[PDB]
Structures are given as C-alpha cells and as structure tokens.
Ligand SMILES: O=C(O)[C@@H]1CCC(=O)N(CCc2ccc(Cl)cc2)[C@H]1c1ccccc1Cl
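Encoded as structure tokens, the following chain is the form deposited without this ligand, with no partner shown.
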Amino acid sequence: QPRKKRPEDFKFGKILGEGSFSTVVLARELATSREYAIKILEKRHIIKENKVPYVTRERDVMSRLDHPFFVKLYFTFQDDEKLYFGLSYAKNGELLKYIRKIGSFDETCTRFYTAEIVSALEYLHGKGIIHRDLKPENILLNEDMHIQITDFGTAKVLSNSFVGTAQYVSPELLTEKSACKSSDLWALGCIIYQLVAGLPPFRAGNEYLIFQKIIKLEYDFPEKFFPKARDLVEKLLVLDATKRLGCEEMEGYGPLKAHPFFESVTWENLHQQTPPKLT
C-alpha cells in the first residue's frame, strides 16, 4: 500500500457531521486533489467511554464492504491523540434532507431508492452483518444521487447490546435485547413508510411512548399511500421477526425482491441506472 498518510497531507475544512465519539470533517488530499470525509475519533474519549470494541468493529466491518451502495474506507492513520478514517464523501448528504424538502417521494423514487436499500441490505446480510441502526440519516446520497450507507460503529457481525434510534427500533429489541437481520428489515419497513408518508410510522412525545406504539404495532396508513407499497410495508412491520418478508425463515431476499411493488425494478444493475429526479 502507499505509505501511511498524515494530517499534514490534507487541507481540512467544513465539518460534515458530529457523532458522539467522532466528528466527520471534509478534507482534500494535497497530493491528489481528492476529497475524503475523514472521521476523527479522540482516543481518550473512546478509552474513557469503553468504546474500543465499537471503534474496532466499525473499522473492521468497513474494511470488508466492497459494494457501491456503501461508504468505502480508503485509509486510516493516527497521531498521538486522534484516529482518522478516510471515508467516501457523500456529496449530496442525507436522504432525510430530501424527504424534508419535497415532503415525500412519488412512486417512482420510492421504488428506485427502496430497491437500492433492499439491494444494499441483501449484500450486507450476505456477509453476515447487521447494521442495527438503519435510518434516513445513515443513508447518504453521493453526487450521482445513488445511496451510500454509512455508520457501522453500532453494526454487529454474526458468528444484543442495546442500540438503535427510537423511531426505527424493532419489537424484538424492546423485548429480548435481541437483534437479527430482520431488525434491519423492520427499519426498512419504517423507511419505506417514511418515503411515502413523508414521516416515520411510530411517533410520540417521548421515547417510552414511541416504544409503546411499536410493541403494540400502533400506526396507520394515510389514504394516499400507494397500495403495493402499503402492502409491502405490512409484510415488514410484522411483530414476529421470523415472518418479515426478506428474512431467512421467509426464505430470504428472493421473495422480497419478487414483491409486486418492485415489479418494474431491474435489480441486476441498479447502480448503473439513472436515479429518478426528486421530487
């Protein structure tokens, strides 16, 4: 590989995002003119907080991902106080940003971007990995407007430690501290609802209220909801995780990709296709 890089190799700029144990900063590599999104983590804070297992697992999962619908790790290096991860810069930002600005997607865009997410999850789960915190803030759009899914600190590599954003948490989490590939499919059913309705399916004044509706399966479809989308969503937001379309007990991604909502989809070269214009 090329020699290890250093902070001094980069012109740092704009902060792209702030996590709890990391900041992501836009950097341009001097020698190449390339722009990376560099995730910076301070060792003391990680060690103090007992996150070494999470930082490690993050780097490790990201090293194993070789697929266009995922953020790529290009390099890592380290000074005395900090860790740096050279990641793909997603030029167009969060999917949630677009949900906000156009309110919700028409059927073509829902179907295109839903399909990409399904195809991303098929690959991920193929390698025995659970994202565990899938959501519109985690799904970035590169400058071609294809998705790039990020944020793998909280991911789990198959062979129950209490993660998740409230809106997208699956029942089994609230019930057994359990998580499986189907937890991600739950999140999918939530994200789909949100693409169409323009809003997460379970919403309440606070986390506890949210968790209540979730385990009760307490949410409703607006009348304008595309029927074939609604139908698919109903086969994902199933309290029983062994009966969610797309999971191993349901015989996997074949039946999920076969679902009528995806009738017009060509799964085979999704990232070669030209994304429908939003809105």
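Position 1 is the first residue in the sequence shown; the rest follow in order.
Just so you know, the form deposited with this ligand bound exists too; it's not on screen, but the next bit is about it.
Contact check at 4.5 Å (heavy atoms) against this ligand in the deposited complex: none of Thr175, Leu209 and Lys216 pass. Proximity to this ligand in the deposited complex, defined as a heavy atom within 4.5 Å, holds among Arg59, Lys228, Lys243, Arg28 only for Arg59. Between 243-251, 230-238, 47-55, 216-224, the stretch whose residues reach within 4.5 angstroms of this ligand in the deposited complex through a non-hydrogen atom is 47-55.
In the deposited complex, this ligand sits within 4.5 Å of a heavy atom of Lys43. Taking the partner from elsewhere, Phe112 is found to have every heavy atom lying beyond 4.5 Å of this ligand in the deposited complex. For the chain shown alone, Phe105 is not a contact residue for this ligand in the deposited complex, no non-hydrogen atom being within 4.5 angstroms. This ligand in the deposited complex comes within 4.5 Å of no heavy atom belonging to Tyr123. Of all the residues from 69-93, those having a non-hydrogen atom no more than 4.5 Å from this ligand in the deposited complex are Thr76, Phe77, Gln78, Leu83, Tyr84, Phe85.
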